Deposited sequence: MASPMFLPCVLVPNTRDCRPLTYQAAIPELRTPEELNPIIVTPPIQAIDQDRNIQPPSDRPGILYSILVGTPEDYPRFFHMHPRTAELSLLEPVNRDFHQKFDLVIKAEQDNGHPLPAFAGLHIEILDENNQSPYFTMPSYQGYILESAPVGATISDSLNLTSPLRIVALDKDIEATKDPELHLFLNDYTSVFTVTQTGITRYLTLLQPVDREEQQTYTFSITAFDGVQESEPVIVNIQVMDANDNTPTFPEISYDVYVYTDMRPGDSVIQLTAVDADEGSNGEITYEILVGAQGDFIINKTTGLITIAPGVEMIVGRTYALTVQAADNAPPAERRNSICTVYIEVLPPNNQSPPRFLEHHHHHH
């Protein structure tokens, strides 16, 4: 005698379509968070004070009394305990409505409850840290490499147990620093780092920062990244001045310090290693120390009063010839009397 609502007509007949009500419950969430359980459409039977009592007649699996209670007058559905989807994926219940006047003529309707999977696993990186390498002469857009050889790209793999293994988890990656220097690719299971701006080893040789993944709900633990900027020979050995006027004296004798030249090269290792050489002009009377740049009188040589000299001095770094850099200094020497 009571009918569940809505009554959806079965065309070409006088019959109401039997109802299967629908609810859905986020796995592992609590009653307090979820209650009351929203049912679509809302549960209601008709014939203030309806005089109708609602209850759950039967359901499968038979665990359901442990998880659900229905209010007799309101048909309100209350969760009693959080549901683990590993153990329970769904419930199918039958709802009874009957009159309370003492003449029950029960009606029945279905209620289907889905237990929903949720984004409830934090994303994660498959390494505890990442070491990258980049040459300072690399252009914008260059990919950071995973080795000194610079032959293969630094691979950053971010996964998420909420997503299928072979499927892209579509994570967002936050950098905590240097976001105007480096950027991370925005799609894919494997991410890479590229240059937004050229880097100069002589300004900064190392970059340390961390990356955090985000799945729309939870963040990963931050993962630490170090990037090493490798030297290019892009600095030239440089004297303080183009030329130097210096005077020597008749009394001076072989071995005596004539002048100390000092050039500067900011590059790393042998790229910054300077070698000095007199190309021409010493006329046998002066020599220079290959590594110190100090010029002195040559052995078995005496100054003559009038003599002048023009020494052409070269400073070069010890990069391979193809990349070698040098500059020239000219040293004018005149002998004087004390």
### Message
Comparing the deposited sequence against the modelled residues, what ranges come up empty for C-alpha?
### Response
1-2, 50-58, 350-365
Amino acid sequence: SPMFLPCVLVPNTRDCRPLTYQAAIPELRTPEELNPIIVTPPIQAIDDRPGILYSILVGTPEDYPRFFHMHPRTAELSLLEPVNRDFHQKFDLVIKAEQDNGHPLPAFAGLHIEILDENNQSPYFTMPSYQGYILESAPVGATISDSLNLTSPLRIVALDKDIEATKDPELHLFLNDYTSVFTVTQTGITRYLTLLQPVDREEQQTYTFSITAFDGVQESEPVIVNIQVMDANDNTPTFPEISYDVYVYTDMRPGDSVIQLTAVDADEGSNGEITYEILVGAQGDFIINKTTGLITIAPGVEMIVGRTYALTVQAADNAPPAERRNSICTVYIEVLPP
From here on, numbers count along this sequence of modelled residues.
### Task
Return whichever of 160-168 and 72-80 has the greater mean Cα B factor according to the PDB record.
160-168
### Task
Decide which of the stretches 141-149 and 97-105 has the higher mean C-alpha B-factor, going by the entry.
97-105
### Summary
Listed options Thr40, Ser55, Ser270, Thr312: highest C-alpha B factor recorded at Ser270
### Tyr247, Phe214, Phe125, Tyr192, ranked by C-alpha B-factor: the highest one
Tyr247
### Message
Which third, lowest, middle or highest, does the C-alpha temperature factor of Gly188 belong to within its own chain?
### Response
middle
### Query
Based on the entry's values, in what third of the chain does the Cα temperature factor of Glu202 lie: lowest, middle or highest?
lowest
### Query
Compared with the other modelled residues in the chain, in which third is the CA B-factor of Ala263?
middle
### For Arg253, the third of its chain into which the C-alpha B factor falls
highest
### Lowest, middle or highest third - CA B-factor, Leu5
lowest
